[PDB]
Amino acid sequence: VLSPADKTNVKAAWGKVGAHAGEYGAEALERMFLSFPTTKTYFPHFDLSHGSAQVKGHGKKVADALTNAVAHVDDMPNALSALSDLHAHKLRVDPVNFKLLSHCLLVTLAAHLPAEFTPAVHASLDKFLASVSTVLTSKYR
């Protein structure tokens, strides 16, 4: 459960990303692929090479979904229902993987927004990502 301050923190931080969305998204995936090789097993037919256009494209998609989540923070399950279907019902992604991507996203944000990545903001983002993860790993339809 996010507090009012959490939502505000997330909106402020995420808002900074801007047109870098896809870039940060791609970087987060690459950090994941390198640090946690097992995750690659969910992308059997991908070109996962460094600077791959496939990963850049996917990074964009991931980032957009997060923007979507921020814009519907108070009613997430309805906004991301399509994504739950895919990850929970179709792909059946083990929840541990969401912790891995979440961590890689936090690392990406820390490396790019030094002034925004305060302890308080770090805390809010962690919670938000956990919230998103819960929705994508649930079957509530």
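We number the residues from 1 along the sequence you see. Between two forms, the rigid core is defined as the largest C-alpha subset superposing within 1.5 Å.
Once the rigid core is used to overlay the structures in 6 other deposited structures of this protein, the stretch among 95-103 and 82-90 whose CA atoms lie farther from this form is 82-90.
Per the PDB record, of the two stretches 9-17 and 124-132, 9-17 carries the greater mean B-factor over its C-alpha atoms. In this entry, 20-28 has the higher mean Cα B-factor, the comparison being between 20-28 and 115-123. Among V96, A53, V62, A69, the highest C-alpha B-factor in the deposited entry belongs to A53. Per the deposited coordinates, the residue with the largest Cα temperature factor out of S81, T108, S35, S102 is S81. Placement of the Cα temperature factor of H45 within the chain: highest third of the modelled residues, per the deposited record.
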